[PDB]
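Worksheet: one structure, shown below.
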Number of protein chains: 2
Amino acid sequence: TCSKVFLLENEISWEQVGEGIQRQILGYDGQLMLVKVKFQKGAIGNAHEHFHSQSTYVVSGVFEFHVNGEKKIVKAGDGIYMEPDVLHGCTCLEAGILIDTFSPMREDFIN
Amino acid sequence: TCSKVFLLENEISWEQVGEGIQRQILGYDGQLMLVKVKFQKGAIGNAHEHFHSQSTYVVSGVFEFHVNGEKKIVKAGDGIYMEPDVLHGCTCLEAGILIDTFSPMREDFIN
Ligand SMILES: [Zn+2]
Ligand SMILES: [Zn+2]
Ligand SMILES: [Zn+2]
């Protein structure tokens, strides 16, 4: 239950997560999972809860993240921390990429 | 042992990791730590081992990563997975940013 050492964008498949949202599962094992998520402008990251701890990084674009109801617009270079079981989501104000990281792995992304 | 919800680049301090390497510890708890690491051209990520699982994402620039001796040049959009206790390092071929994620947290980055 792990990935290859080197995960190259041109060698990994993009998965359509939803309308305007694509993703590439990158390096992971059972305890850590790094996911690249490409958002189009207006794409909505539906609000969800999960026991997995999550730390996200904004590579590019502009997002309105909401965590536990607290809202804040975030942009490239910013990060967001989502403690276990918190309700969280996002709305892409400007097309860009998010790196979503998880502990433990999100087994539903693989299976 | 956790960070604020929203970690903004302009509100977080940059730490000089080494010659040509700066970093911002972003969202983390005890089980997951996301670190932004800004490399200058020629900067060297010294080879190290640690039981922590690590998944890295190349935001920008060009790097020669080495993992368990296997070498591969990586660029924006690529990822690298480093299993516990593997020897790994990097050399920045073009100035850019790496997102280093860890499970469990790297307590030596905080303390
Ligand atoms: Zn764990
Ligand atoms: Zn989530
Ligand atoms: Zn490392």
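Labeling convention for the structure tokens: chains A, B, ... as they appear, residues from 1 per chain, ligands from 1 in order of appearance.
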
message = Please find the residues of chain B near chain A - the criterion being any atom within 8 Å, counting only C-alpha atoms - and write them as a count of residues only.
response = 34

request  = Identify, with DSSP run on backbone atoms, the residues in chain B assigned to helix (DSSP H, G or I), and express the list as a list in words.
outcome  = residues 9, 10, 11, 107, 108, 109 and 110 of chain B

Selection file, N, CA, C and O atoms, as a PDB file, in the first residue's frame:
```
ATOM      1  N   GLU B   9       1.023  33.324   4.082  1.00  0.00           N
ATOM      2  CA  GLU B   9       2.447  33.542   3.822  1.00  0.00           C
ATOM      3  C   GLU B   9       2.944  34.848   4.434  1.00  0.00           C
ATOM      4  O   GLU B   9       4.043  34.900   5.002  1.00  0.00           O
ATOM      5  N   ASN B  10       2.146  35.911   4.342  1.00  0.00           N
ATOM      6  CA  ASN B  10       2.584  37.212   4.836  1.00  0.00           C
ATOM      7  C   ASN B  10       2.546  37.314   6.359  1.00  0.00           C
ATOM      8  O   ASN B  10       3.102  38.266   6.917  1.00  0.00           O
ATOM      9  N   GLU B  11       1.913  36.362   7.045  1.00  0.00           N
ATOM     10  CA  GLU B  11       1.810  36.390   8.502  1.00  0.00           C
ATOM     11  C   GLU B  11       2.730  35.383   9.194  1.00  0.00           C
ATOM     12  O   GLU B  11       2.808  35.378  10.430  1.00  0.00           O
ATOM     13  N   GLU B 107       9.031  16.953  14.835  1.00  0.00           N
ATOM     14  CA  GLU B 107       9.100  17.731  16.064  1.00  0.00           C
ATOM     15  C   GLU B 107      10.315  18.638  16.127  1.00  0.00           C
ATOM     16  O   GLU B 107      10.266  19.646  16.839  1.00  0.00           O
ATOM     17  N   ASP B 108      11.385  18.324  15.390  1.00  0.00           N
ATOM     18  CA  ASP B 108      12.578  19.161  15.414  1.00  0.00           C
ATOM     19  C   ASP B 108      12.418  20.445  14.609  1.00  0.00           C
ATOM     20  O   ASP B 108      13.262  21.342  14.724  1.00  0.00           O
ATOM     21  N   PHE B 109      11.375  20.551  13.791  1.00  0.00           N
ATOM     22  CA  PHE B 109      11.113  21.806  13.099  1.00  0.00           C
ATOM     23  C   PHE B 109      10.423  22.799  14.024  1.00  0.00           C
ATOM     24  O   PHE B 109      10.549  24.013  13.841  1.00  0.00           O
ATOM     25  N   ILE B 110       9.669  22.299  14.999  1.00  0.00           N
ATOM     26  CA  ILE B 110       8.978  23.151  15.962  1.00  0.00           C
ATOM     27  C   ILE B 110       9.855  23.451  17.171  1.00  0.00           C
ATOM     28  O   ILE B 110       9.899  24.589  17.646  1.00  0.00           O
TER      29      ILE B 110
END
```

key: 7 Å shell around ligand 2 using only C-alpha atoms and all ligand atoms, listed as a count of residues only   = 5

inquiry  = Set the distance at 7 Å and use only C-alpha atoms: which residues neighbour residue 41 (chain B) once local chain neighbours fewer than 4 positions away are removed? I'd like the list as a list in words.
reply    =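 Final neighbour list, sorted by chain and number: residues 92, 93, 94 and 95 of chain B.
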
Restrict the selected residues to N, CA and C atoms and save them as a PDB file, in the first residue's frame.
```pdb
ATOM      1  N   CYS B  92      18.888  21.745  -6.242  1.00  0.00           N
ATOM      2  CA  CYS B  92      18.008  22.636  -6.993  1.00  0.00           C
ATOM      3  C   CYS B  92      18.698  23.015  -8.297  1.00  0.00           C
ATOM      4  N   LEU B  93      18.175  22.526  -9.427  1.00  0.00           N
ATOM      5  CA  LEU B  93      18.717  22.900 -10.735  1.00  0.00           C
ATOM      6  C   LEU B  93      18.131  24.218 -11.242  1.00  0.00           C
ATOM      7  N   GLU B  94      16.986  24.632 -10.701  1.00  0.00           N
ATOM      8  CA  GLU B  94      16.346  25.893 -11.051  1.00  0.00           C
ATOM      9  C   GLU B  94      15.523  26.338  -9.849  1.00  0.00           C
ATOM     10  N   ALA B  95      15.753  27.583  -9.438  1.00  0.00           N
ATOM     11  CA  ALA B  95      15.149  28.099  -8.220  1.00  0.00           C
ATOM     12  C   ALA B  95      13.654  27.807  -8.209  1.00  0.00           C
TER      13      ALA B  95
END
```

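The two atoms in question, CA of residue 85 (chain A) and CA of residue 43 (chain A), are spaced 22.9 Å apart.
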
task = Rank A:98, A:105, A:62, A:90 by their smallest atom-to-atom distance to ligand 1, using only C-alpha atoms and all ligand atoms, and report the top residue only.
result =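 Using only C-alpha atoms and all ligand atoms, ligand 1 sits closest to A:105.
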
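Considering the residues B:111, B:91, B:40, B:46 and counting only C-alpha atoms and all ligand atoms, ligand 3 has its shortest atom-to-atom contact with B:46.
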
request  = Could you give me, as number ranges by chain, each residue of region 10-96 of chain A that DSSP assigns to strand (DSSP E) when run on this structure's backbone?
outcome  = A: 15-18, 21-28, 33-39, 44-48, 53-58, 62-67, 70-75, 79-82, 88-94, 96

Selection from above, C-alpha atoms, as a PDB file, in the first residue's frame, can you write it?
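File out_0.pdb, as written:
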```
ATOM      1  CA  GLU A  15      -9.245  11.841 -12.303  1.00  0.00           C
ATOM      2  CA  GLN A  16     -12.378  13.954 -12.678  1.00  0.00           C
ATOM      3  CA  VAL A  17     -13.459  14.587  -9.085  1.00  0.00           C
ATOM      4  CA  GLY A  18     -16.393  16.795 -10.044  1.00  0.00           C
ATOM      5  CA  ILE A  21     -12.240  19.625 -10.387  1.00  0.00           C
ATOM      6  CA  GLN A  22      -9.565  17.160 -11.513  1.00  0.00           C
ATOM      7  CA  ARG A  23      -6.922  15.431  -9.395  1.00  0.00           C
ATOM      8  CA  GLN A  24      -3.779  13.316  -9.393  1.00  0.00           C
ATOM      9  CA  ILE A  25      -3.049  11.101  -6.407  1.00  0.00           C
ATOM     10  CA  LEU A  26       0.724  11.454  -5.951  1.00  0.00           C
ATOM     11  CA  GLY A  27       3.027  10.052  -3.221  1.00  0.00           C
ATOM     12  CA  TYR A  28       1.319   8.085  -0.480  1.00  0.00           C
ATOM     13  CA  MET A  33      -1.328  10.910   1.145  1.00  0.00           C
ATOM     14  CA  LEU A  34      -0.501  13.971  -1.007  1.00  0.00           C
ATOM     15  CA  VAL A  35      -3.135  14.863  -3.616  1.00  0.00           C
ATOM     16  CA  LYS A  36      -2.965  17.463  -6.392  1.00  0.00           C
ATOM     17  CA  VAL A  37      -6.351  19.017  -7.166  1.00  0.00           C
ATOM     18  CA  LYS A  38      -6.845  21.315 -10.173  1.00  0.00           C
ATOM     19  CA  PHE A  39      -9.812  23.698  -9.817  1.00  0.00           C
ATOM     20  CA  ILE A  44     -16.871  24.080  -5.533  1.00  0.00           C
ATOM     21  CA  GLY A  45     -15.172  21.747  -3.100  1.00  0.00           C
ATOM     22  CA  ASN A  46     -18.237  20.264  -1.437  1.00  0.00           C
ATOM     23  CA  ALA A  47     -18.194  20.535   2.350  1.00  0.00           C
ATOM     24  CA  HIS A  48     -17.219  17.244   3.994  1.00  0.00           C
ATOM     25  CA  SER A  53      -6.149  15.095   9.527  1.00  0.00           C
ATOM     26  CA  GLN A  54      -5.667  17.366   6.511  1.00  0.00           C
ATOM     27  CA  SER A  55      -3.144  20.063   5.618  1.00  0.00           C
ATOM     28  CA  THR A  56      -3.623  21.949   2.346  1.00  0.00           C
ATOM     29  CA  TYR A  57      -1.384  24.288   0.384  1.00  0.00           C
ATOM     30  CA  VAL A  58      -2.513  26.765  -2.262  1.00  0.00           C
ATOM     31  CA  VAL A  62      -7.587  32.107  -5.230  1.00  0.00           C
ATOM     32  CA  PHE A  63      -9.958  30.179  -2.968  1.00  0.00           C
ATOM     33  CA  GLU A  64     -12.528  30.935  -0.301  1.00  0.00           C
ATOM     34  CA  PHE A  65     -11.941  28.179   2.256  1.00  0.00           C
ATOM     35  CA  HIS A  66     -14.419  27.558   5.082  1.00  0.00           C
ATOM     36  CA  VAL A  67     -13.413  25.563   8.190  1.00  0.00           C
ATOM     37  CA  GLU A  70     -14.767  30.363   9.794  1.00  0.00           C
ATOM     38  CA  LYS A  71     -14.229  31.758   6.286  1.00  0.00           C
ATOM     39  CA  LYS A  72     -11.095  33.238   4.753  1.00  0.00           C
ATOM     40  CA  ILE A  73      -9.921  33.882   1.193  1.00  0.00           C
ATOM     41  CA  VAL A  74      -6.560  32.217   0.540  1.00  0.00           C
ATOM     42  CA  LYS A  75      -4.052  32.548  -2.290  1.00  0.00           C
ATOM     43  CA  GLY A  79      -1.907  26.975   3.941  1.00  0.00           C
ATOM     44  CA  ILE A  80      -4.962  25.609   5.710  1.00  0.00           C
ATOM     45  CA  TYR A  81      -5.113  23.088   8.571  1.00  0.00           C
ATOM     46  CA  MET A  82      -8.221  20.951   9.093  1.00  0.00           C
ATOM     47  CA  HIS A  88     -14.499  22.143   5.548  1.00  0.00           C
ATOM     48  CA  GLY A  89     -14.859  23.123   1.937  1.00  0.00           C
ATOM     49  CA  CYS A  90     -13.789  25.667  -0.624  1.00  0.00           C
ATOM     50  CA  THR A  91     -14.871  27.747  -3.612  1.00  0.00           C
ATOM     51  CA  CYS A  92     -12.389  28.580  -6.374  1.00  0.00           C
ATOM     52  CA  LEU A  93     -12.396  32.353  -6.961  1.00  0.00           C
ATOM     53  CA  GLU A  94      -9.560  32.038  -9.517  1.00  0.00           C
ATOM     54  CA  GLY A  96      -5.637  27.220  -9.549  1.00  0.00           C
TER      55      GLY A  96
END
```
